[PDB]
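Data first, discussion second: the structure below is written as structure tokens.
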Ligand code: SF4
Ligand code: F3S
């Protein structure tokens, strides 16, 4: 499974959903997650993220390990997203800010 980590929060570019063959991204107010059962690990999404927020599960930084289980739980509750949309309004002021997990919205 590929995992969306911290820098997606409040950026949510959605470029990643274009390339997903199996449409396993699920959508929150300010973040996207990958559903781990559905991802086939084709890795096509991770060059597409402008925030470079997607990682193969086995490559998630030590300080972002929380996101692996977060993606699994929120994918069970959030709606499927299959079409790119606009980036959040202020997405490039927040691109690159560390510590955005405290802004995540359910
Ligand atoms: S690794 Fe492939 S299947 Fe998994 S989320 Fe990315 S594009 Fe979709
Ligand atoms: S910012 Fe998030 S919405 Fe996709 S393109 Fe990157 S994982």
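Numbering (the authors' numbering), first residue to last: 1 to 106. For every residue, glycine included, the Cβ atom is placed at its ideal position computed from N, Cα and C.
A Cβ-Cβ separation of about 5 Å places residue 72 in contact with residue 36 under the 8 Å criterion.
DSSP assignment within the region 10 to 83 yields the following whole beta strand (DSSP E) runs of 3 residues or more, N-terminal first: 25 to 27, 32 to 34 and 54 to 56. Those residues whose C-beta sits under 5 Å from the nearest heavy atom of the ligand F3S are, from N- to C-terminal order along the chain, 4, 8, 11, 12, 13, 14, 15, 16, 32, 49, 51 and 53. Exposure of residue 23 is indicated by the presence of fewer than 16 other C-beta atoms within 10 angstroms of its C-beta. Set against 7 Å, the gap from the CB of residue 60 to the closest heavy atom of the ligand SF4 is not smaller. Shortest Cα-Cα distance from residue 40 to any of 25, 49 and 50 involves 25.
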